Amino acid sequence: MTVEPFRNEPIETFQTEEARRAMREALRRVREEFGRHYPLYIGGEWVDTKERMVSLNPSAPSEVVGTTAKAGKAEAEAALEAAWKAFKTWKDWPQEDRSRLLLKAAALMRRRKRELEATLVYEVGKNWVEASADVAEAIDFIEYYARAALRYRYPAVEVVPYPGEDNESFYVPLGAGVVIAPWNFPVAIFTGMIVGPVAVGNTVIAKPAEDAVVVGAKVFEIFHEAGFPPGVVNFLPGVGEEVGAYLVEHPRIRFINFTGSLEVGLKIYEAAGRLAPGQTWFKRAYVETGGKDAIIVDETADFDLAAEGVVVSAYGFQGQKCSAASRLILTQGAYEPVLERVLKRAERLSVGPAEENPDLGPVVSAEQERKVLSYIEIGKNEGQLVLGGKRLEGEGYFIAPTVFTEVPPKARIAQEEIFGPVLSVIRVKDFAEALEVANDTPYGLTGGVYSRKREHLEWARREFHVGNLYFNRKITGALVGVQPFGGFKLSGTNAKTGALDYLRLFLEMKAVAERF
């Protein structure tokens, strides 16, 4: 199979009238459909349950954006049976055939871009550009993994020949596994975590995050229309830990693909290490578990450029990103000029209902609001509040862009992932101390440096110990293919998404010799 070389899907800026019109149209269609109910998807069919889950608009939480079915253990078991039944034949599809199926899915998703974006706006409180980036990244994962999977096709392994024998090594998929997806990128990461394993012949049971069950269902509409065989992909929205625990601990779950909090990731990894009664394999668990990401600025930087990148990085999608800049490390010569610019920019940010395309929408939920406000209370005891730090008026979960200064590097707000619009500013003596402070957290996901000094940039290239490092630009928005995404340390298992290496995680190798 021959397709155009991979290119990233353009992110819509909505700078044209047509783009704005198209979005208004999509927002209207989505809200007219707020009454919809979305069942589970098991074995190629939509399957309803007695109990339901409600999804809320975080910009107006009295407004319901949809309802879904609610899976329990019985539905998880049915999905698992379906996934293994499907695996028996799906594994034997030619790679070309599986990759074409993905390409079809990407084409369908592209045709529904505005609808998915508008659903992100209403369901998880993304502004318009954040919503478009999310959907574009989802499309990218599908396009990229469809092509990358062909690099592993039968028989892909380079071996040394031996006289009088054929020696043939090749990759085979693992089996049925479970995907536990986040609320913050519920099209992009939801899709990537599913289609990567599926592309190479695995089957998947996907549990969406509770806050993003509607958009997850709409992604499953796309999978169904694309024509994935029954059991290949399954959709199990659920409340709390029931469904996830049941599957993670199950003797017949082959692998676990997880993106979310460290608390949950640590539990998953520990469980995956155990042999459940009757289990006949060593489980693989891939976890991406957040960050406490810093931007360093030194006295040689373009301070205006730095301030812009810091504000984008800290406050994009309300700081609810594993990649978000939650620490700003300033050398002495950079401190005042950069802090003054950051404050001037941040104080001009709009906050309001996501559909109005504000700089910040609401945080995602009452629980998220509670967590972020609690960290703000902690921060007032650790650092100096200089901007924001309060809830804004309205039932929507609106929190003001927040800055703490004079934060000790070992303060809770300088160590713990807040996942809200809260930036901690740390003053350091020089670039060496900046790196020391940057590295001294349990995490290692993203980081950035603003500097014109070549020796500082290259030193950071070697010693700023994060999986995704960026110089003189924002530290968020890793592009599929361009920036393999994944971290070090307690940021997870370094499963690099949007990279050739990702697919290898979902394969095992067989070596077959014939002596003639």
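Each residue number is its position in the shown sequence, starting from 1. Each form is matched to the other, and the largest set of C-alpha atoms that superpose within 1.5 Å is called the rigid core.
(request) Give, as the answer, the stretch of 239-247 and 255-263 that departs more from the shown form in 6 other deposited structures of this protein; the measure is RMS Cα distance after a core fit. (result) Of 239-247 and 255-263, the stretch deviating more in 6 other deposited structures of this protein is 239-247.
(request) Would you tell me which stretch averages the higher CA B-factor in the PDB entry, 84-92 or 377-385? (result) Averaged over C-alpha atoms, the B-factors run higher in 377-385.
(message) Please compare 156-164 with 409-417 and name the stretch with the higher mean C-alpha B-factor in the deposited structure.
(response) Stretch with the greater average CA B-factor: 409-417.
(request) By the entry's C-alpha temperature factors, tell me which of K70, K474, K489, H465 sits highest. (result) Going by the entry's C-alpha B-factors, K70 comes out highest.
(message) Highest recorded C-alpha temperature factor, please, choosing from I205, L116, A133, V338.
(response) Of the candidates given, the C-alpha B-factor peaks at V338.
(request) Among all modelled residues of this chain, ranked by Cα B factor, put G481 in the bottom, middle or top third, i.e. lowest, middle or highest. (result) Its C-alpha B-factor, which the entry lists for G481, ranks in the lowest third among residues of this chain.
(message) Per the entry's values, where does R252 land by CA temperature factor relative to the rest of its chain, in the lowest, middle or highest third?
(response) For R252, whose C-alpha B-factor we compare with every modelled residue in the chain, the answer is the middle third.
(request) Among all modelled residues of this chain, ranked by Cα B factor, put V3 in the bottom, middle or top third, i.e. lowest, middle or highest. (result) For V3, the deposited C-alpha B-factor lands in the middle third.
(message) Split into thirds by Cα B-factor across the chain's modelled residues, where does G175 land: lowest, middle or highest?
(response) For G175, the deposited C-alpha B-factor lands in the lowest third.
(message) Among the modelled residues of this chain, does the Cα B factor of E299 put it in the lowest, middle or highest third?
(response) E299: CA B-factor falls in the highest third of its chain.
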